[PDB]
Each structure stands twice: as structure tokens, then as C-alpha cells.
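Undergrad: Pasting a structure here, questions to come.
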Amino acid sequence: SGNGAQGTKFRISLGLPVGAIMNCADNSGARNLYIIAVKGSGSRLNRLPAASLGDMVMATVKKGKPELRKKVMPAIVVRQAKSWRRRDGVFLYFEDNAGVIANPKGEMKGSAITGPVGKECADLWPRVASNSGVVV
Amino acid sequence: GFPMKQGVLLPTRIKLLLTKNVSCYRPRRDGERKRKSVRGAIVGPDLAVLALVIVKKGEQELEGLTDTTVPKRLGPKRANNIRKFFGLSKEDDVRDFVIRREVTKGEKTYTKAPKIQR
Amino acid sequence: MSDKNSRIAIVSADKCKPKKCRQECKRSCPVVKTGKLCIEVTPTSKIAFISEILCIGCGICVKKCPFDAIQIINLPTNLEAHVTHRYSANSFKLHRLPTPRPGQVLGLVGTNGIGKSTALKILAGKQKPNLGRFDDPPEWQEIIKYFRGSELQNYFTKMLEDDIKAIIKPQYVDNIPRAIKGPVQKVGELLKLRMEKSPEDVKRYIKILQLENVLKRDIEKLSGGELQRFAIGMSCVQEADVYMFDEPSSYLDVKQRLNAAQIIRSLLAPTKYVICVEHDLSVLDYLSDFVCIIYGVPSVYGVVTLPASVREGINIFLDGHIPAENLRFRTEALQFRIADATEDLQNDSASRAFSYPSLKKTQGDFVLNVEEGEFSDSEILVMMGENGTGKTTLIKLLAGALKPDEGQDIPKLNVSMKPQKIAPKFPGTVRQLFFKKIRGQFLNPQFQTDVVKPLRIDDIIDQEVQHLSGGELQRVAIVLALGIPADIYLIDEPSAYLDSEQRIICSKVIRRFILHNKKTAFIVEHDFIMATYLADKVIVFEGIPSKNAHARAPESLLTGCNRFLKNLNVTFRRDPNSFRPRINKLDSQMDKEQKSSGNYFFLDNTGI
RNA sequence: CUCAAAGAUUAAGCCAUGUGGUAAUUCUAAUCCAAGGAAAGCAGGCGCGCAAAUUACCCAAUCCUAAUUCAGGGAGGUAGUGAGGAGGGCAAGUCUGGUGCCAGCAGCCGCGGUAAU
Ligand SMILES: Nc1ncnc2c1ncn2[C@@H]1O[C@H](COP(=O)(O)OP(=O)(O)OP(=O)(O)O)[C@@H](O)[C@H]1O
Ligand code: SF4
Ligand code: SF4
């Protein structure tokens, strides 16, 4: 979360600790995203920081265009897999872990998002809304 | 606006391959098929419009429906269909049984009949 | 290497007096020091001229100018590619033009000074584009070449040959009364002559526009809304292929502007080409198939974008940014208070404000009825409804300007009032007038942001009000009402003559002062968005225009909006991205579902 | 003047436009999305590069396609656009002013360090 995130976010189950790799779901040239940090996460001895739906992470691209590899950039988690629970009572989950590469302000690097996108992320990051097909 | 299609079952929409000779698809070219969205044949509140046909009349009159009555645009043209729409025998000779539609030129009112076939 | 850039200088002659400064521009410029050409003196008109070729882009001259007469900007050579026409040296230049298409309606939207008016003339054949050059003696031939690569090229060949003669509904709303009297004699005469179409067309067109009463009146006599509509009538009646409308929503009320939009669209059905320019988004959305956005600084330049979709163009407009152009055309984004956002106070003040009983005012040709309502302190009430309903009459009675036929409202309160139609009738200059009302309001920082800096009143200060302009005068009047202290303030139709940025400056103005000062305000309006921002309650007027009317007590925002919008029968669901009203078509399932819920509009509120 | 080649080489790279419901299709009982769903031919543009034209007119001709006519056809046809040398090999003696192994010439051979074929 943080910059450019207009909205607050209700807690959702943390799915992705540091080291996790999600699918890159944009058209940027990136094939996956390797999580090295979660923004706005706190501190407890021994705890991995771990992201969830609509969290902004800091990632590198393990697989993808060489102009994207070997460096750290912001991304946003768009699909989960660890099931979480909404305030309408529902426990839900996607089939994959996936997020999209983005700028500190929260602008997509790419122009499409392939696959669905959870609403809690859509609601959080307007330029993600824009590029989303099926939401939730 | 997607049309229902008898026989699907489903109260949802689905996309089907459609062919010559079928509902919700009119082909542009010989042997063309199109994959098209279509609505299920099961009524839901997702419908803008239900299409009903009256089968039995109720106890009371509905104005634009029972009160009003509307002429069948065109009459029999083929020989034996004239024979049937009048019950005739292959004796009676058609020609003077064909329909005759009056229509005016202003001060010249005319009279047009089909052109019997078979 | 580095990207490419340019310099463009535009100087306002009104602002410039070389005597006081001296031709300081030449002396201070570093290029001229060296012996270069950047600023040349024109002995004739006695004006400074700045050549764009030799200028450095230093901006030294701009700072030195005592007034603020010179403006130099640096662009990435965005403007140079597109040059259509320029008025003269160091003046407004137009860039790109809007595409016309047959069988459809193409919209145009922009802030004032963009050249939307100019663009119409060029398409009309009234003015020939110079092409940012000499082109003058009818050189239509060169214009097609300039347009090559654009769809307008075909249109320009058509125009030169004069196969088509476009019909234009004139833009300047203030200018029209002077030009025509009668049309010659009375509106009725105009409609009979112009009617190339059906005899049905005379009757039908009048009925839909609500022109029935107005036929006997003369054009000069007409009120602003009436004046607009007669022009629209003539643009349907005419026989032609191309019908150009330039700002058809001006002066019109909320009900009427929607009506105008439908009728204009009917032209597309006969497959006649239509073009239209609008300041109103509600109106623009309904009319158009395709939309162009015009952007750039006012009076400096204005470029037309490539053609876009109806939905798409509107969405981009509200962002305040355009990607290809990469310009943030508007400094701040428009937002509406949620109503969660507002401050929470227990309101009464002295226990509630004053209250008015039933009132009636009858002219003898029109009758107004008012239902007893109450007003409270520190609140804001919107007044909506069609003109001729007695929205204006009601406010006057509260002002004490008018005496009620029945009912009475004698309050102890001090009232400040702003009239609806503003025509100058005060001798004196602008600064003198505003200073008499209150100085010190002029000192405040709020007033610098909203009035003084945007327009540049400093230059206006010497100018006469008779000599003045429409929109500029409007912002000044609204501010003046706020100039003096009063328990209650009354404003009538602040949106007139104003573009997008201008109105929204006003919206912030009324809400902020009222909240702060803890005073009450009544505002009359046609603009949906303006009412929403300012108000807490609303009064809706109903009845039939030019006949009778009725008023209601104040009711909550949700309640009042449902009633008003129910009269129109257009729902404005919500767009998820823009949070904008999204219009809903008649007979529908989604729209039908809403009718059963009672939601005409949506905001960041709970609701299905 | 008559005859007319023409964006293939670069990138088979990318392309603007020419009784009822429904956002909308010639609806049917990588683009537009009322979020549901629906969609390397002429000209002309971008790009690319060393490199290739007009958004025109027409069925008259040549023929073609549909049934007993004379419909259709950017197949086709008309127009628009669209031609250095004077040291030698080379043939000219090169002559007069400026330049000095600076500026420049020179396909090779070679010219050029005030008197330059
Ligand atoms: N006679 C003129 N000489 C010089 N510049 C002119 C002249 N007439 C218009 N302009 C310039 O063209 C621009 C204006 O007009 P147009 O009439 O094209 O505006 P619009 O785009 O219709 O704007 P508005 O909404 O304010 O009516 C102005 O900003 C002005 O600088
Ligand atoms: S523009 Fe300013 S500085 Fe230049 S002559 Fe005019 S008043 Fe003087
Ligand atoms: S900007 Fe600079 S360079 Fe250009 S006109 Fe002014 S002083 Fe001269």
C-alpha cells in the first residue's frame, strides 16, 4: 500500500512471504515477480514480511525480458491463492499467485492485465481498475 | 438484449456455434457459422422482456388484444390451397375464388388478385 | 540527444503600454544586446513584437515587464506539427480541427478561448485558414494539403466546391439580440420562412422545444433561454446536410437542455452530418457518437485531439490529463465531497434560522405558489427546476425586492443578493465598484486564488463594465455578493457564461465561506454537479413553465435529488472509474431495477 | 514531342477512413464496450530506410461475372503525379587575382613549403 493508494484496506490473510514468486500478469515482458519486500509491513523478530491482495511489494523479475531482469521494482499483488475472508462472510481464493509491475505512485508499467483481478486490489489502485477485465 | 433460445435449459447466457436454419442467427454466406452469445430458455429477473402467447382466454377482456382483431395480410395463391381455404372439389374452378384487393388511384379505384400457381 | 523544444511568445496589447515601460523589452533582452532580432519594434501600431526564431527562451523579458504583458513558454514542439491558423503576430493560433461525419453527431468540449468557435467558422466556410501563414486570398487549395493525413481533407474539398453550405447556429449568446430584431419581426416570422421541411415541422419543432408562448414575442424581448431555442428551431427547419451547433446549452434550464439534445440528435437519423460544441457533460454525452477534446491555455492556443468514443472521451476529460499529448491540462482534479467528508456539527445557531410562510406571487399571467419551509443557520439550500417556474421570483421575494401578492416575509436579517442575468448598469470601473462593496475581502488569499490571479482583474481594473466580457463579469459578481457581511446570502444561477474550471472555482467558494462564517446561503442552479457540492438541502420546483409553478420545503440531498431526477426520468447509475453520473436509457432492466430502488445518482455512499 | 516505371530490395513490418427487446453489429425473438458481451487489392498514413505518386473520373474501349437485362466490376481504362570538366589517363598550352603541406582538390597517378598548368 502507501503512495497513490487512495482508499484504506481491510486486513486480508497474508499469502506471500518474501521469497515467494508470483506470475507476472501484465504485458510488460516480465514472466514472473520474486517478492523481496512488502511495503508498510511491520517488525517482529523472525517474521517474514508477507504480502496479500492489493499490497505493493518490491520485486525483481526472475524470468523475462533482459531489460527488466537484474533489478528491483515495485509491483502490486492482484491474485492470491491463500484463501482469505471478506466482510460478507466469504472465504475465496484464486488459482494462482500474481501481481503486476508498477511505479511508486502506482502506475502500471504495462497496459493489459491478463486473467482476473480481486476487487480489493481494483478498489485500491485505479490504474489497475483501468486495465482489468473480469474483477473478482 | 440477447434473445432466449428454446432448448438450452440454463437461466444464464452462453455462447454457441449457430448454423443455417436456427434461432437467433441469420447467416450472411453459404455454410457460414457464427459463435454468438445467447440467453437461456429459463426465465430470470435478468430479462428485459418476456414473450407470451395466450392459450386460454380468462374471465375478462384485455383491450388491445381481445377487443381488437386483425386481418390476415395475404390470401391463398396456389390452386389447391384456394381449394382448401374454401373447400371446393377439383370441379369448382378457382379464378372466381381468388382474393381481390381494392386500392385507389384517387378517382380510379382498382382491383388486384394474385396469379394462381399449380 | 536532448528532445526538441521551441519557444512561443504571445503578447497581449491590452496589457502593454510602451510609454511607461519604455521599449524596455528590447533593451533588457540579451539577444538584442548581441545585436540579434528577437524583439523588433514596430513603428506603426507601436507594439513590441517578439520573433520566435531568435528568442532564447530566457524569460528575462517576462519578469521585467511591469504589467505582465509578455508570456514565453517552452514546448516540446507539440504545437508546431499541428498549425491550422493564427490570428496575427503574437496572438491566438489554432491547432487541429474536429472531424465531421455524416449520420452522426460529433461533440467538442474544452475551456473557453480554445478555438472551438474558430473551428466552426473554418468548417463553415466563413473564414479561411491562413495556415499560420500568408494564406488569405482564397487559398482553400492549400488547406486541403495541410489537412492531408486527416479525414478533414475530404471535407475541405467539398467546402471549396460549395456543394454543401453549412448552417451555423451562432455562438455568442450576448451578441444575438443586437443583431436581430423581429427575426425582422417576431420569432414566428423566422420559423415560417426558414421552414424548408414539413408543415409538420413547424408545429412539431415548436411543441418539443416549448416555444409555444414565445412565438409572439420579438427576439430582442426574449430572455436568454428563449433566445437560444429559436436559433435551434431554425437549424432543424433549414434544408442542408451539415448542421453546426455551437454551444446549444447556454442560458437554458435543466429540462430544456435535455430536450434540445434529443431534437438535435434526430438529424443523425436522417443521416445528416451534425457537429456540436458543449460546456455541459450531461448534454454532450447524450448528443454525441464521437467526441473531441480541446485543451491548452486560454487565448494562447488550443489543440483538437483525434476523434474518440463518447464514453472514452468523457472519461479522459475528467482525469485532467491526456497521455499522447502528455499534458496536465487542468491543475487540480475535480472532486465532490462525499458527505462523509463534511464537518459534523450540531446545527441551529440561534435555534434555527428564519422561516417563511406560504407565499404567492401572481403576475396575472403566471402564478407562483410556495409551501411553507424552514431555513436553518449555516446551511445551504439548492434551488432547481426549469426557468419560468418562478425560481427567480422566489429569491426576489426573500430579497425584499418583490412584494408578495399574498404571504409576507419581513425578516430582521441583512441580505446580500446576486442577480441572475447580469447586464451592466453601473457607471464606474471594475475596481472602484468592488472596493466600495468591501476592501479587505480583496486582501484575502482566498480571493486571490479564485478571482484576481486567474482572470487578471488588475488589467480589468481600468476597463469599463460596459466594455467588459460575459464570463469575466460573472465571477466578479458572485465574489461581490460575498464581499459584504450578511446573515443570509442569495445567489441566482452562478453557472451562466462559465466553463468547467470557472464554475468549479465558484463551487469551492460558496461552500468554504458559508461553512467557515457560519452563515446561510441559497443558490439557484441548473448544473447538477454544482448543486451537489454546495448544498445540504434542496428545494425542487415543478409545474408548467410560463404558466404556474410550485415550490417545496427544503429536504435532504438524497430525498430532493430523487424527486428532481424522477421528473426527468434519467438515472445517472454510477461509473465505477470516474465516479461520474452514468446516464441510463429509458425502458431497461438495469434502469428498471433502479426505479424500484429509488436511486437516481450514486456517490461514495452505501446503497444497492 | 510522343512512349510512361513506379514503395519488391529496408520491415510477408503496422495500419485511420473511403407484438418486441436490446450498449451496440448487415443482432434478431488487436478494436467498441450500459461490465453484460460484440466484432501482400485502389487510394491514403505510419514506419522503415539509399531508395519509389492522388484519399481523383468513368464504364467509353477490353472483356469478364449473374438470368432472355444491360446490372455489376478501383479487374480495366482516363486523367494527376513523375527529363560537369579545363595537369596527364581524357580534351582542353589554360590565362589573371586570392591562398601558402593552413583551407581544399584528387576514382587511381598525384596536387598544394608566394611567383599553384
Ligand atoms: N480577431 C482575433 N484576433 C486574434 N486572436 C483572435 C481573434 N478572434 C479570436 N482569437 C483568438 O482565438 C481564440 C478564441 O476563440 P474561439 O473563438 O476559437 O474560442 P472557443 O475556442 O470557442 O472558446 P470560448 O469557449 O471561450 O468561446 C482566443 O483565445 C483568441 O486569442
Ligand atoms: S509590455 Fe510592459 S514593459 Fe514592455 S512596454 Fe508595455 S508596459 Fe513597458
Ligand atoms: S525570452 Fe529572453 S531571449 Fe526571448 S525575447 Fe525575452 S529576453 Fe529576448
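Along the chain as shown, the residues are counted starting at 1.
When the header is checked for method, it gives electron microscopy, 7.2 Å.
Each residue, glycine too, has its Cβ placed from N, Cα and C.
Swiss-Prot lists these features:
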- C:7-39: domain '4Fe-4S ferredoxin-type 1' (DOMAIN)
- C:46-75: domain '4Fe-4S ferredoxin-type 2' (DOMAIN)
- C:70-320: domain 'ABC transporter 1' (DOMAIN)
- C:110-117, C:385-392: ATP binding site (BINDING)
- C:345-568: domain 'ABC transporter 2' (DOMAIN)
- C:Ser349: phosphoserine (MOD_RES)
Undergrad: Out of the recorded positions I have (C:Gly110, C:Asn112, C:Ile114, C:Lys116, C:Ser349, C:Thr389), which ones have their Cβ sitting under 6 Å from ligand 2?
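TA: None, as no Cβ falls under 6 Å.
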Undergrad: Rank the recorded positions C:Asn112, C:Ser349, C:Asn387, C:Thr389 by the number of other Cβ atoms within 10 Å of each Cβ and report the first-ranked residue.
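TA: Sorting the candidates by Cβ neighbours within 10 Å, the top entry is C:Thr389.
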Undergrad: With respect to ligand 1, which members of the binding-site residues C:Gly385, C:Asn387, C:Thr389, C:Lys391 satisfy a Cβ distance under 6 angstroms to one of its atoms?
TA: none
Undergrad: Give the sequence-ordered list of residues that share a chain with C:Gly110 (ATP binding site), lie 6 or more positions from it, and have CB atoms under 8 Å from its CB.
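TA: Counting only residues 6 or more apart in sequence, the Cβ neighbours of C:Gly110 (ATP binding site) under 8 Å are C:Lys116, C:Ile293, C:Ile294, C:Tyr295, C:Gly302, C:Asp499.
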Undergrad: Measuring CB to CB from C:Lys391 (ATP binding site), give everything in the same chain under 8 Å that is also at least six residues away in sequence.
TA: C:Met383, C:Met384, C:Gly385, C:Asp492, C:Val524, C:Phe541
Undergrad: For C:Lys116 (ATP binding site), list the number of other Cβ atoms lying within 10 Å of its Cβ atom.
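TA: Result for C:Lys116 (ATP binding site): 24 other Cβ atoms within 10 Å.
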Undergrad: Does C:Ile114 (ATP binding site) have same-chain partners at least 6 apart in sequence with Cβ under 8 Å from its own Cβ, and which are they?
TA: C:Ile294, C:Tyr295, C:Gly296, C:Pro298, C:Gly302
Undergrad: To the nearest whole angstrom, state the Cα distance for the pair C:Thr389 (ATP binding site) and C:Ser349 (phosphoserine).
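TA: Given the Cα positions, C:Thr389 (ATP binding site) is 32 Å from C:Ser349 (phosphoserine).
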Undergrad: How big is the gap, in Å, between the Cα of C:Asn112 (ATP binding site) and that of C:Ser349 (phosphoserine), rounded to a whole number?
TA: 41
Undergrad: According to DSSP, how is the domain '4Fe-4S ferredoxin-type 1' (C:7-39) divided among helix, strand and coil residues?
TA: 14 helix, 6 strand, 13 coil
